[PDB]
Amino acid sequence: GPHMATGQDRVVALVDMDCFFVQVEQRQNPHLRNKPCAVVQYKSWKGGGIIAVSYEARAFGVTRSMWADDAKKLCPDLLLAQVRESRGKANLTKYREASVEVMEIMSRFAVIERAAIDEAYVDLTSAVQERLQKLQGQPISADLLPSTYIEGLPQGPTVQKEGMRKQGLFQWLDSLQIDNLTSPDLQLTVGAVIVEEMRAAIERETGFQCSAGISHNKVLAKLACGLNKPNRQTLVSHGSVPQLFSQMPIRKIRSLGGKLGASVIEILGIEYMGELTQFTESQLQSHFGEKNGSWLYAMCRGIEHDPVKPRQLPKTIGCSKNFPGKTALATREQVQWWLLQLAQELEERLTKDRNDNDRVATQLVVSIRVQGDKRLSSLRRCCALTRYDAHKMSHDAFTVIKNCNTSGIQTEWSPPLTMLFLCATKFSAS
DNA sequence: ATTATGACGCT
DNA sequence: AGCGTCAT
Ligand SMILES: Nc1ncnc2c1ncn2[C@H]1C[C@H](O)[C@@H](COP(=O)(O)OP(=O)(O)OP(=O)(O)O)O1
Ligand SMILES: [Ca+2]
Ligand SMILES: [Mg+2]
């Protein structure tokens with residue numbers, strides 16, 4: 001009753017650029033705009049691996065993790081843009097710089113947590129308070145929410161998509177004007193007005209469109225964002241949670257898409273997030289651990305307390321290459337040459353990072369995969385990162401991994417290496 | 001041969 | 001510290 005927390009204290013958004021690498025390439029090459037197109041890395045093996053897909057191409061069934069040759073079977077007119085190759089490997093610099101464009105615009109509106117290259121959480125609580133102070137009791141016009149969906153509406157007593165969107169929005173605003181909603185609902189609504197403004201500024205100033213979710217915490221905002229894509233935003237209110245979760249597969253909630261979610265389904269014999277409400281907190285903790293159990297108990301009721309962390313920059317800078325199948329590295333010369341290529345890219349990115357962001361990395365992490373090992377990483381070793389020098393970093397990485405070579409012949413490397421990874425970590429201000 | 005990243009938890 | 005999990 002009067003003491004039960006409802007997790008309605010914050011306004012949180014999740015902004016997700018639509019098919020981001022595709023939009024970067026379409027901005028650069030207008031011939032790709034408004035077409036089925038995809039971004040591919042490499043080309044020799046089966047036409048290259050697809051890593052991003054325009055919504056027009058998705059309509060044909062093109063997905064990521066698809067070979068370009070196969071996507072062409074589904075969409076013969078599919079256009080492709082290739083990721084730049086430098087030093088013999090894919091180089092993602094263009095997309096990192098475009099990401100910085102968008103992150104810097106978002107930072108003008110509120111504190112952001114960079115969640116991925118194309119994804120940021122936004123803590124809008126304070127901005128909403130300010131905007132409400134400016135509004136001074138003035139109602140919110142539907143014109144301020146031209147791309148907003150209210151999840152769960154319309155309901156109760158038009159066959160077009162936009163018509164439904166407007167009907168639900170009208171019902172929501174009508175009940176806010178009449179005072180049949182809560183103060184959290186108004187806070188979320190103002191949050192959505194701000195997110196409309198943020199998304200308009202991103203598109204105006206970069207050309208890039210995005211979707212967004214607005215709710216009371218990060219998990220609901222993330223879930224909301226995916227409900228109406230592309231180029232739309234979705235408000236998930238606290239009151240919408242019971243119906244939304246009643247048919248929501250557990251795997252759709254962030255962090256439950258893998259082994260833990262599968263175990264939740266198997267151990268409890270449930271399918272949907274809402275079914276979790278029937279277990280006590282102690283029950284969930286007994287199956288899934290103290291932390292996971294408390295998190296699940298609150299989350300299935302729409303409550304989550306994870307803060308939007310004030311972090312616009314990545315915490316690590318890494319360079320990685322797989323050497324699949326027959327291309328696995330089998331000589332020492334090979335391993336050293338590729339460590340050097342990775343280390344040269346890393347040095348370049350680190351020097352740029354130091355100049356832009358007033359920080360220096362102090363730890364170098366070296367990871368490898370050996371042929372046959374099912375795990376993504378077979379071995380990880382750290383050493384001190386004391387100079388931004390590619391030859392030193394590559395020599396140090398070799399030193400930390402050289403004892404993995406079983407081969408009795410110094411010149412040969414066995415088992416062959418199927419992945420090399422160098423990562424700079426533990427930044428300090430400079 | 002579903003690549004190149006990136007964050008974070010466990011012990 | 002090194003490994004595992006989850007996601008983009
Ligand atoms: N598995 C991956 N491997 C490599 N790059 C990826 C991978 N997943 C995503 N990316 C890249 C390309 C995407 O443009 C960008 C953002 O990822 P993601 O949000 O999942 O999809 P998306 O932005 O391409 O489409 P959507 O609009 O549905 O979000 O990061
Ligand atoms: Ca995206
Ligand atoms: Mg994303």
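Below, chains carry the letters A, B, ... as their sequence lines are ordered, and counting in each starts from 1. Excluded from the calculations below are hydrogen atoms, water molecules and symmetry mates; all remaining heavy atoms, backbone and side chain alike, are included.
Rounded to an integer number of Å, the gap from A:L260 CG to B:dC8 P is 18 Å. Between A:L342 atom CG and B:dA4 atom P there is a gap of 9 Å when expressed in whole angstrom units. One can place CZ of A:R114 at 12 Å from P of B:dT5, the figure rounded to the nearest angstrom. B:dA4 atom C1' lies 13 Å from atom CG of A:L422, rounded to whole Å. Spacing between atom CD of A:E85 and atom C1' of B:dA4 amounts to 13 Å, rounded to whole angstrom units. Rounded to whole Å, the distance from CZ on A:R96 to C1' on B:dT3 is 13 Å. At whole-Å resolution of the value, NZ in A:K43 and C1' in B:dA1 are 15 Å apart. Atom-to-atom, CZ of A:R84 to P of B:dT5 comes out at 13 Å; the value is rounded to the nearest Å.
Separation of the P atoms belonging to C:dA7 and B:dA1 is 24 Å when rounded to the nearest angstrom.
Using a 4.0 Å heavy-atom criterion, one finds that A:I117 contacts no nucleic acid atom at all. Contacts of A:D16 with the nucleic acid, taken as non-hydrogen atoms under 4.0 Å apart, are absent. Residue A:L256 is classed as a sugar-phosphate contact, given heavy-atom separations below 4.0 Å to backbone atoms only. Residue contacts for A:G257: at a heavy-atom cut-off of 4.0 Å it reaches the sugar-phosphate backbone alone, with no base atom in range.
A:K89 has no side-chain polar atom (N or O) that falls below the 4.0 Å cut-off from OP1 or OP2 of B:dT3. Residue A:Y42 places at least one side-chain N or O closer than 4.0 Å to OP1 or OP2 of B:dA4.
Atom CZ of A:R204 is surrounded by 12 or fewer heavy atoms from other residues, nucleotides or ligands within 6.0 Å.
The ring-ring contact (aromatic ring centres under 6.0 Å, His included) analysis of residues 190-239 of chain A, with sequence neighbours excluded, yields the pairs A:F20-A:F208. Within the structure, salt bridge (charged side-chain N to carboxylate O under 4.0 Å, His left out) pairs that include any residue of residues 276-302 of chain A do not occur (at least two apart or interchain). Screening residues 91-100 of chain A for salt bridge (charged side-chain N to carboxylate O under 4.0 Å, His left out) gives A:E25-A:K94 as the qualifying pairs, with residues at least two apart or on separate chains.
For A:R332, the side-chain contact (heavy atoms from CB on, under 4.5 Å) test picks out A:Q336, A:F398, A:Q410, A:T411, with sequence neighbours left out. Under the salt bridge (charged side-chain N to carboxylate O under 4.0 Å, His left out) criterion, A:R387 pairs with A:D389, not counting sequence neighbours. When the side-chain contact (heavy atoms from CB on, under 4.5 Å) test is applied to A:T406, the partners found at least two apart in sequence or on another chain are A:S414, A:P415. Here A:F427 pairs with nothing under the ring-ring contact (aromatic ring centres under 6.0 Å, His included) rule; sequence neighbours left out. For A:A110, the side-chain contact (heavy atoms from CB on, under 4.5 Å) test picks out A:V122, A:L124, with sequence neighbours left out.
A heavy atom closer than 4.0 Å to some atom of DNA chain C occurs in A:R375, A:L379, A:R380, A:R381, A:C382, these being the qualifying members of residues 366-385 of chain A. The stretch residues 294-328 of chain A has no heavy atom under 4.0 Å from DNA chain C, so no residue of it qualifies as close.
Each of A:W45 and A:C423 lies near DNA chain B, and the nucleotide nearest A:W45 is the one positioned closer to the 5' end.
First and last contacts of DNA chain C with chain A, using any nucleotide atom under 4.0 Å from a protein heavy atom and ordered 5' to 3', fall at C:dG2 to C:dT8.
Of all heavy-atom pairs between A:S378 and A:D373, the closest is OG-OD2, 3.0 Å. Taking all atoms of both residues into account, the shortest heavy-atom contact from A:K43 to A:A68 is NZ-CB, 4.4 Å. Across every non-hydrogen atom of A:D18 and A:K229, the tightest pair is OD1-CG, 4.3 Å.
With ring centers used as reference points, A:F288 lies 6.0 Å or more from A:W295.
For A:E345 and A:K321, the salt-bridge test fails: no basic side-chain N is under 4.0 Å from an acidic carboxylate O. Between A:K259 and A:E266 there is no salt bridge, since no side-chain nitrogen of the basic residue lies less than 4.0 Å from a carboxylate oxygen of the acidic one.
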Pairwise N/O distances under 3.5 Å, protein to nucleotides 9-11 of chain B:
residue	atom	partner	partner atom	Å
B:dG9	OP1	A:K291	NZ	3.2

